[PDB]
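Commentary on secondary and tertiary structure
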Amino acid sequence: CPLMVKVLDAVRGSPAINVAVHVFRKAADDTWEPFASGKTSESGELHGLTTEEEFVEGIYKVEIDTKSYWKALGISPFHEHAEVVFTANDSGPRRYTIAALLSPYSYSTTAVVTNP
Amino acid sequence: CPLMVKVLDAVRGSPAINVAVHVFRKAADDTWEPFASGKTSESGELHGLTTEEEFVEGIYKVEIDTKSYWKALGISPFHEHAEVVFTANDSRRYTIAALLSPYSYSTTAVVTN
Amino acid sequence: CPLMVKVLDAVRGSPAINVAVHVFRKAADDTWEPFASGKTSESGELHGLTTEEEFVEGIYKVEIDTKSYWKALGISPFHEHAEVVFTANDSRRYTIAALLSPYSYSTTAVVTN
Amino acid sequence: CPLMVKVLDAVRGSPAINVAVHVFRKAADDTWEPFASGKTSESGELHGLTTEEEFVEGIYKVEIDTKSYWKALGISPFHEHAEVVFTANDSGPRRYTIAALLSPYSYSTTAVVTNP
Ligand SMILES: Oc1ccc(/C=C/c2cc(O)cc(O)c2)cc1
Ligand SMILES: Oc1ccc(/C=C/c2cc(O)cc(O)c2)cc1
Ligand code: NA
Ligand code: NA
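Residues numbered from 1 in each chain as written, not as in the entry; some residues may be left out. Chains lettered and ligands numbered in written order. Heavy atoms only, no water. Residues with missing side-chain atoms left out of burial classes, pairs and counts.

Structure determination for the deposited model, as stated in its record, used X-ray crystallography, and the stated resolution is 1.3500 Å.

1. Let's talk about the overall build of chain A
Helices and strands together make up the secondary structure of chain A, namely 1 helix and 9 strands. From first element to last, N terminus to C terminus, chain A shows the α and β order β-β-β-β-β-β-α-β-β-β. Computed over its C-alpha atoms, the radius of gyration of chain A comes to 14 Å, within 12% of the 13 Å expected for a compact globule of 116 residues. Taking all contacts inside chain A whose residues are at least 6 apart in sequence as the whole, residues at least 24 apart take part in 59%. (Helix = DSSP H or I, 4+ residues; strand = E, 2+ residues; numbered from the N terminus. Rg over C-alpha atoms; globule rule 2.2 N^0.38 Å. Contact = heavy atoms within 4.5 Å.)

2. Structural notes on the site of ligand 2
All residues in the neighbourhood of ligand 2 are listed as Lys6(A), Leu8(A), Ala99(A), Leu101(A), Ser108(A), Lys6(D), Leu8(D), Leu101(D) and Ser108(D). In this structure, ligand 2 is bordered by residues of chains A and D. Here an oxygen atom of ligand 2 and a side-chain polar atom of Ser108(A) are 2.7 Å apart. Where the shell around ligand 2 is concerned, the elements lending two or more residues are β1 (3-9) and β8 (95-103) of chain A together with β1 (3-9) of chain D. Each residue belonging to the shell around ligand 2 can be placed in one class, and the counts come to 5 nonpolar, 2 polar and 2 charged. (Near = heavy atom within 4 Å. Polar contact = N/O pair within 3.5 Å; in protein donor to acceptor, adjacent residues only side chain to side chain. Nonpolar A, V, L, I, M, F, W, Y, C, P; charged D, E, K, R; others polar.)

3. Some remarks on the pattern of salt bridges
Within the structure shown, the criterion is met by 16 salt bridges over all chains. A salt bridge links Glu80(A) to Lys67(A); the shortest N-O distance between them is 2.9 Å. Residue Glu80(A) is found in strand β7 (residues 79-88), and its partner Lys67(A) is found in helix α1 (residues 66-72); the two are separated by 13 residues along the sequence. Accessibility expressed as a relative area gives 24% for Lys67(A), which makes it partly exposed. In this structure, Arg12(B) engages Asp9(B) in a salt bridge whose closest nitrogen and oxygen atoms are separated by 3.0 Å. Its relative accessible area of 43% is what places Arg12(B) among the partly exposed residues. (Salt bridge = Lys/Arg side-chain N within 4 Å of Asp/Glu carboxyl O. Buried < 20%, exposed > 50% of the residue type's maximum accessible area, 1.4 Å probe, protein only.)

4. Thoughts on the interface of chain A and chain D
Chain A puts 10 residues into the contact, and the matching count from chain D is 10 residues. Counting the surface lost from both chain A and chain D, the interface buries some 760 Å², and carbon and sulfur atoms represent 65% of this. A per-residue breakdown of the area chain A buries against chain D is headed by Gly13(A), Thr110(A) and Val112(A), which together make up 46% of the total. For the interface between chain A and chain D, the tally reads 0 salt bridges. Our count for the contact surface shared by chain A and chain D stands at 2 residue pairs in polar contact. Mapped onto the side of chain A that touches chain D, the elements with two or more residues apiece are β2 (14-15) and β9 (106-114) of chain A. In terms of residue count, the dominant contributor to the side of chain A that touches chain D is β9(A) (5 residues). (Buried area = accessible area lost by both parts, 1.4 Å probe.)

Structure below.
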């Protein structure tokens, strides 16, 4: 799988477990088409969203449902979600790790892009 | 003005100047309606986007054109843009700050008196 | 004043108020000599730490007392403090910003005219 | 090993490879005693710094040599190093991951603390 999402909690110093993630891909008509979804594991990781074959060139949006995560812990957070929008595989196939570090009123995201 | 946007560059240690910023408000049909826009100043700040009267409760999106910023410096960036999506709640000043790198960004909200 | 420190709270979305900040300068014997200190204001800022005359080239450390800040909110934090260590170079205004969470912090430098 | 250090590069979107790391522990006389050191691998990770037996209660400092890392890539960075100072194992043994995300004029650090 060439796409992995990793989420960390900066309040608890832990993986962010059971975080919903929705991935969208921009269609030829400029709409966001559902691409894949899942939720983070006990390690804060979400593996197996897609395959090398399915993960073609395109503009992708990874939506991390931060608000639902914080509400479940009794915190009323600032953001609706964290959205990561990027062009993928435009110089051929790459592996992407999208990491997010969450606080109630802030988040940080980074990408690690590797060439198999 | 109850909304200010501040953009910083983590590579050069400077304000991010002349960055396009677009603000949208979510409509009843779940589409994003253009609300306000501008370019960051020499201080990396964008003031005067809206008024207390116009800035009613609702879901807003701040889109920062990070890709054009990095391309203008000759740096190949990861993201198409940085998006900050939040609910304005009357329960009164919002500063949306973003700290930019080519493959990463950090955003915070400073919500005060 | 060529040095300003700004501290923000990522949990509450607010300035970090009444945070102790200590600045040190590295001496010839590699020890840290006290240089300036204060507490962040209601805006999370600490101004007037030094002067252009005093703030000569050298290695400085800004120590932010994050542990006392979180303990005062009833939150158990990870770090003893946040330390920012940098060289001042005359080749002229330095803002050291820190964004605090209980188990994390982000720091940036904004170095301008 | 109950201590792992992970370093990421926010300019290149990659692990930060060959980053020197020095760990110190506060002695009874309030000095920083050398505890362990090493450098990040091709994955940006540094494993095997210590053992459960050796990693006793104490105040530890993890110094990440960011300046040497950036200078090696032709960037003149702002910070001398990134220092992470924390009390460890004061409620019994824990596993600590210290992560740092680096830019020339900025860094972010977080801890992931797990109970074996
Ligand atoms: O990770 C980070 C994300 C955001 C920030 C904000 C810093 C900052 C600095 C200023 O001088 C004014 C301001 O309104 C904000 C810092 C770090
Ligand atoms: O501001 C930030 C600070 C730290 C991080 C960490 C990301 C990360 C990604 C991994 O694959 C493993 C890991 O241990 C950590 C992300 C953002
Ligand atoms: Na191509
Ligand atoms: Na104890």
